[PDB]
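Protein chains in written order, with the numbering used here: chain A, 30 to 288; chain B, 30 to 288; chain C, 13 to 263.
Encoded as structure tokens, the structure appears first; notes follow it.
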Amino acid sequence: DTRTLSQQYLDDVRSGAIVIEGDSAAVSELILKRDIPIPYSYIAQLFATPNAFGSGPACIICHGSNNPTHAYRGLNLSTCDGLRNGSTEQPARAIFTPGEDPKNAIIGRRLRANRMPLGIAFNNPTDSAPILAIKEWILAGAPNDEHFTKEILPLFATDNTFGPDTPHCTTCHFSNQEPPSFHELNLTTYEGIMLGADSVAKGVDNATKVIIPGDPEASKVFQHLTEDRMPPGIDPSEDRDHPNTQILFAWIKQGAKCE
Amino acid sequence: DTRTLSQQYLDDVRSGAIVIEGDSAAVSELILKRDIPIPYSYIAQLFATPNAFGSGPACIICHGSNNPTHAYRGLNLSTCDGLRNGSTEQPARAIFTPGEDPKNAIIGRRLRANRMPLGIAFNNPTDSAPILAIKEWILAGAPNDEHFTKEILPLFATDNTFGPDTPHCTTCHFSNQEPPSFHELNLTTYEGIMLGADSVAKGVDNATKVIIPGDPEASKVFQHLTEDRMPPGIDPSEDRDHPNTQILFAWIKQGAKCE
Amino acid sequence: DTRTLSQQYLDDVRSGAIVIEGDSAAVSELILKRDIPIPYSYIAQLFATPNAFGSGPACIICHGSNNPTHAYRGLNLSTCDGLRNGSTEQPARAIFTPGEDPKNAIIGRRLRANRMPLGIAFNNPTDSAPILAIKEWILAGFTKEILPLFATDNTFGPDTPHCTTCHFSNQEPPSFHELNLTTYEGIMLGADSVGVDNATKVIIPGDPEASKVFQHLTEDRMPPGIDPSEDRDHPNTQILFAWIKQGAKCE
Ligand code: HEC
Ligand code: HEC
Ligand code: HEC
Ligand code: HEC
Ligand code: HEC
Ligand code: HEC
Ligand SMILES: [Cu+2]
Ligand SMILES: [Cu+2]
Numbered sequence: 030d031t032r033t034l035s036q037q038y039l040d041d042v043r044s045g046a047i048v049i050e051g052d053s054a055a056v057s058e059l060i061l062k063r064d065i066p067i068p069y070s071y072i073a074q075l076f077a078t079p080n081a082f083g084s085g086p087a088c089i090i091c092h093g094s095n096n097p098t099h100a101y102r103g104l105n106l107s108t109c110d111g112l113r114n115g116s117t118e119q120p121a122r123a124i125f126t127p128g129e130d131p132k133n134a135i136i137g138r139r140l141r142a143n144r145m146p147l148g149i150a151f152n153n154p155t156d157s158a159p160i161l162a163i164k165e166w167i168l169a170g171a172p173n174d175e176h177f178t179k180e181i182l183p184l185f186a187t188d189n190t191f192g193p194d195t196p197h198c199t200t201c202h203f204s205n206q207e208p209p210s211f212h213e214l215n216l217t218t219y220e221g222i223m224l225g226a227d228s229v230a231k232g233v234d235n236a237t238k239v240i241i242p243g244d245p246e247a248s249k250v251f252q253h254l255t256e257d258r259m260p261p262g263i264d265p266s267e268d269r270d271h272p273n274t275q276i277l278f279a280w281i282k283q284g285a286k287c288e
Numbered sequence: 030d031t032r033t034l035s036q037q038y039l040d041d042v043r044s045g046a047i048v049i050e051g052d053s054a055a056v057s058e059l060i061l062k063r064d065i066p067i068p069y070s071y072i073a074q075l076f077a078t079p080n081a082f083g084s085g086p087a088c089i090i091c092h093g094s095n096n097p098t099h100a101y102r103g104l105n106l107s108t109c110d111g112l113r114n115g116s117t118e119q120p121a122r123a124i125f126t127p128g129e130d131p132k133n134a135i136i137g138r139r140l141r142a143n144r145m146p147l148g149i150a151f152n153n154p155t156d157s158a159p160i161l162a163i164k165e166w167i168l169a170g171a172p173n174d175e176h177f178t179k180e181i182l183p184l185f186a187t188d189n190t191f192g193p194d195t196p197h198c199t200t201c202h203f204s205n206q207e208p209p210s211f212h213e214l215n216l217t218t219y220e221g222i223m224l225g226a227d228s229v230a231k232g233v234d235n236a237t238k239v240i241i242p243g244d245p246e247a248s249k250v251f252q253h254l255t256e257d258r259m260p261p262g263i264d265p266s267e268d269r270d271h272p273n274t275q276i277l278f279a280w281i282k283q284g285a286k287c288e
Numbered sequence: 013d014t015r016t017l018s019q020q021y022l023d024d025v026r027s028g029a030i031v032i033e034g035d036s037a038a039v040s041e042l043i044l045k046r047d048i049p050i051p052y053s054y055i056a057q058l059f060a061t062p063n064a065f066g067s068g069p070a071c072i073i074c075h076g077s078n079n080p081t082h083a084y085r086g087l088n089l090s091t092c093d094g095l096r097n098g099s100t101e102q103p104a105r106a107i108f109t110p111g112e113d114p115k116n117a118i119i120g121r122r123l124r125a126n127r128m129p130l131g132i133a134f135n136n137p138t139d140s141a142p143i144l145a146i147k148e149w150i151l152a153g154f155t156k157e158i159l160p161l162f163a164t165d166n167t168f169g170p171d172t173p174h175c176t177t178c179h180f181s182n183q184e185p186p187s188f189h190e191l192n193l194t195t196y197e198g199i200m201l202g203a204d205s206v207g208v209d210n211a212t213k214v215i216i217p218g219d220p221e222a223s224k225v226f227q228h229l230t231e232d233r234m235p236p237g238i239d240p241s242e243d244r245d246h247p248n249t250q251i252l253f254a255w256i257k258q259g260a261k262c263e
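Structure below.
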């Protein structure tokens, strides 16, 4: 106990414990690192203010109610209870779990995860023929059979597969070396797809699995194929590590408290 | 219909009914088109936040009371009731009518209509001699008589008429061909003035009469001469179709409900 | 005199009393000039909103409480009484005085005074060897121990220009705010000597805290890491000062 915020700051400026890289810095090093408590009052404002996590209309316009005709998915982001409840319209689901890191919970993917193939517009269907094919393949336990090789593998290497005028996934995900291949993810072979991302620069048994056999809902490929970044139409190049995103995550790790 | 937002959406991307042009898109096709209900809470934030409709101070600073010594025109934009009442200081007048399209109501012109001649500074009087002349000419039924040709017609073709270092209207409004004449409006002759704008590339059925004989208050000419765009000093080139404006308009058409 | 806001305006467009220079103008000529009353409701929104005075996180995040372990300096900017009270943590002190101009008060300096040397990062210490050397000299009311620090590169932190880089002459361009930091007299005369006997005094002997030099050396502009070139006369700053001068009223 006992040592003040001011006291640690004076000590950390002294030790060089504060590192400054593309500030931002004020937030990572003085707010998150020292685990300062975030009031719901600030979070409420975030969901209610246009451009709060990146370019686009305020979240509560489209998600301002638990009535599915007044709000998409009957998701009410405008109150603390509404946030904690998540989507109401069938199929109902929480968009995060209080006290747990939401980085990969639904609210996190919707704020940070660009839909794939990178740049594809939201008015392309998320239940098209190929997506549904990939879905069934994952359900099937993600087999390396004849069917996969002829009917599934080329989806990652063929132009205009998931919408008009879009590049094959293989354009950007084709090796295990970062530069030039993003997240060290290789989608050219079965072996590469099941291996997943970040397999070199951070373990190989600690790879970020991108297909989870039997569970399409949790498979990062399927998610990126079917989930549009919010607010709809946001440009993929907008900061995925926006301070407001981070502060929101912090408030959730702290218990998503209502005061 | 009794169909939910989500359902309308999954149906609209499939059919291709969603058109994307320079977002904007999220707002026009998902918010306005689907007739989503706008809460007063958001509107309040619009009038209380600086730069909400384009660059400048928050509206409620200058319009925060029905007491004419605390607020210009005794106009209170800070409460729902204040909005509905409008300007209180004599001459008292509503600034919109609940349930009616406000695009050309007082609130609409003050957000979207740049004062003419374009760019003229707001510290130029709005009751100068030329304006009053034009006012009276419209009161008289806008005759094409001897008087008009001599005393009124040149007011649109003479530099520095409505203020210092301002170009003649005739600089930008001189034919019915857009490029080069703005809004296809011609102020060089009586015939052109009564004809009005937008009569050509979209026909005589999208014509916009710009002088309404017997009513200066309703004549778009008189309006542009006397009404400074808000907040004062806002650059003419600021988006005249700001999303928050479009949302403000929507809330008014829905009835300006206070919850 | 008993004319409404609207009436004063019409008289002022007519009189030419309204002057427009790089707007900005609406707030200086219509809000501040006519002393429109500023509501606390707006002021609260200012401390609660990110980027309200320039780039950076909202003030009430780091200063949201009178508990020095939940808010820096035990300063609560999130309530009206919190504001008036100021810093709770020792040394406890108010950050402004209601009814008095706050421009060079603590809240004003933190909004408007870029830390020196210009551009210096906030993770550089403010009780380092050179600065502490200087603190005692002002307390004392020389040439070898104090003076050279203003013409020396990398004095107060790594990769920083010597103060003399920007303050080396008598008039404005190329010397900012007409201040010359190379000699004893230029330092005691102060800035804006072109002045010359009402020049903005920059050192107050016996009082480090009111000496503008000590202030700029030890006080980081808020929010921390804000780029020095961000408008130092932000309209929201000006409105806040207006609210303080009006009595810092809570209703
Ligand atoms: C309309 C203009 C929207 C705005 C503004 C925001 N979102 Fe949204 N959201 C919108 C649609 C059409 C959908 C898909 C609906 C469907 O039935 O498929 C979504 C989806 C979400 C979700 C996921 C819902 C779920 O998994 O059950 C989330 C978590 C979400 N949106 C959040 C969100 C946030 C945080 C926003 C502001 C930054 C935001 N949305 C804006 C439409 C619109
Ligand atoms: C470049 C033009 C790309 C194409 C084509 C595809 N993706 Fe992509 N991917 C790209 C980037 C820049 C990123 C990083 C995140 C960001 O939005 O900037 C990603 C990431 C993924 C991931 C997540 C990886 C993780 O470690 O969590 C997945 C699962 C993914 N990409 C899959 C994927 C698929 C299936 C694609 C084709 C349909 C595809 N990507 C195309 C860039 C590009
Ligand atoms: C002062 C700094 C102002 C700010 C900020 C805004 N407005 Fe304003 N407004 C101001 C003046 C000096 C005037 C004209 C006064 C006169 O006596 O003629 C106006 C006028 C309006 C009106 C017209 C109402 C009428 O009855 O004629 C409207 C509807 C209006 N202003 C709205 C408005 C909005 C929406 C603002 C924010 C975007 C806004 N004003 C800012 C002074 C100031
Ligand atoms: C160019 C430098 C212009 C001068 C000089 C004047 N106006 Fe104009 N006007 C201009 C533009 C670009 C527009 C479109 C709206 C915008 O703000 O960008 C207009 C519009 C009008 C209108 C309304 C037209 C409509 O379709 O409703 C009117 C009635 C009008 N302008 C009249 C007008 C008068 C009387 C002028 C001289 C005092 C004048 N304009 C100058 C560009 C320019
Ligand atoms: C953390 C991320 C902060 C944000 C956001 C803001 N400020 Fe701050 N402030 C912060 C620190 C680390 C310090 C120094 C602490 C120390 O012990 O020296 C300060 C200091 C101030 C002060 C001075 C208080 C005093 O007693 O002298 C003031 C008046 C101040 N800060 C105000 C302020 C404002 C107005 C902010 C938003 C615009 C703001 N701070 C943001 C940390 C952080
Ligand atoms: C530029 C490269 C600078 C260096 C190096 C130093 N200062 Fe400076 N100073 C600079 C500017 C552009 C300004 C104007 C205000 C602003 O923040 O932009 C200032 C201001 C001061 C003042 C106050 C002047 C006044 O009229 O009140 C002081 C007292 C001051 N600066 C002192 C100072 C010291 C002690 C420096 C080195 C240790 C120093 N300055 C370096 C630009 C630059
Ligand atoms: Cu302890
Ligand atoms: Cu029906």
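C-beta atoms are modelled at their ideal positions from N, C-alpha and C, and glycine is treated no differently.
Among the options, nearest to residue i - alpha-carbon criterion
| i | options | result |
| --- | --- | --- |
| C/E33 | B/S44, B/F151, B/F82 and B/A73 | B/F151 |
| C/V225 | C/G202, C/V206 and C/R15 | C/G202 |
| B/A121 | B/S84, B/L112 and B/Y219 | B/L112 |
| A/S157 | A/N189, A/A142, A/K179 and A/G137 | A/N189 |
| C/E263 | C/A56, C/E148 and C/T14 | C/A56 |
| A/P146 | A/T274, A/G243, A/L61 and A/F211 | A/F211 |
| residue 308 of chain C | C/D239, C/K261, C/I256 and C/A254 | There is simply no residue 308 of chain C to check, as chain C begins at 13 and stops at 263 in what is shown. |
| A/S53 | C/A38, C/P69 and C/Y54 | C/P69 |
| C/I256 | C/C178, C/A29 and C/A117 | C/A117 |
| B/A230 | B/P209, B/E246 and B/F185 | B/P209 |
| C/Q258 | C/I43, C/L17, C/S205 and C/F168 | C/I43 |
| B/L216 | B/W166, B/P261, B/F125 and B/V239 | B/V239 |
| C/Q227 | C/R127, C/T212, C/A29 and C/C92 | C/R127 |
| B/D110 | B/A55, B/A123 and B/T237 | B/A123 |
| B/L254 | B/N153, B/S228 and B/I222 | B/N153 |
| B/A46 | B/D30, B/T31 and B/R63 | B/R63 |
Proximity of residue i and residue j at Cβ, strictly below 8 Å
| i | j | result |
| --- | --- | --- |
| A/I276 | A/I89 | no |
| C/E41 | C/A125 | no |
| C/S27 | C/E242 | no |
| B/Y219 | B/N173 | yes |
| C/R85 | C/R233 | no |
| A/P97 | A/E118 | yes |
| A/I181 | A/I160 | no |
| B/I167 | B/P245 | yes |
| C/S90 | C/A60 | yes |
| C/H246 | C/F108 | no |
| A/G243 | A/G128 | no |
| A/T199 | A/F185 | yes |
Sufficient close CB pairs (3 or more, under 8 Å) joining the region 38 to 49 of chain B to the region 193 to 203 of chain A: The region 193 to 203 of chain A and the region 38 to 49 of chain B do not touch, with fewer than three beta-carbon pairs separated by less than 8 Å.
Under 6 Å, CB to nearest heavy atom of ligand 7: contacting residues: One residue after another in chain order, those with a Cβ under 6 Å from a heavy atom of ligand 7 are A/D30 and A/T31.
Runs of 4 residues minimum, wholly inside the region 223 to 279 of chain B: which ones carry the alpha helix (DSSP H) assignment? If we require 4 residues or more, the alpha helix (DSSP H) runs fully inside the region 223 to 279 of chain B come out as 249 to 255.
Within the region 85 to 141 of chain C, note down every full alpha helix (DSSP H) run reaching 4 residues or more, in order along the chain. Entirely contained in the region 85 to 141 of chain C, the alpha helix (DSSP H) runs reaching 4 residues are, in chain order, 92 to 97 and 118 to 124.
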